[PDB]
């Protein structure tokens, strides 16, 4: 109900929507300035516009706020509730020993190449697609990869928003 959303104090709006972009409450806090919203699509569009207004470093920064697939946070049970649901859904919590090592190596190569973590919309992909995509995007030039990666962020955000 967008009417209830529109009457939210900023503190409650930030509590409700503060993690639609992983560890970036500033982004959802910002868009509250554009209330009232027509609908959830309006909120989505504002978030996309905000991300797009950022310098490249800002986009890279958003990426760096995301946890590795199957990395330290997943293994240590210190993911945000959203990342935990997403990573479980993509098969990350039931990887075997060889798969864990493989994800480590792939993540390591990616982050060494690009200087931010590998991000892919987990809810839209299964385990096998994830590995294929890691390997494929590993071949991208940095500018093209930044665009690709941010598109994945925007997909994650849309799903998060619609899960609320």
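Residue numbers count along the first chain shown, from 1.
The mean Cα B-factor in the deposited entry runs higher for 125-133 than for the other of 103-111 and 125-133.
The mean C-alpha temperature factor is higher for 32-40 when 32-40 and 58-66 are set side by side.
Comparing C-alpha B-factors across 95, 26, 47, 120 in the deposited entry, the largest value falls on 95.
Among the modelled residues of its chain, residue 141 has a C-alpha B-factor that falls in the highest third according to the deposited record. Placement of the Cα temperature factor of residue 157 within the chain: lowest third of the modelled residues, per the deposited record.
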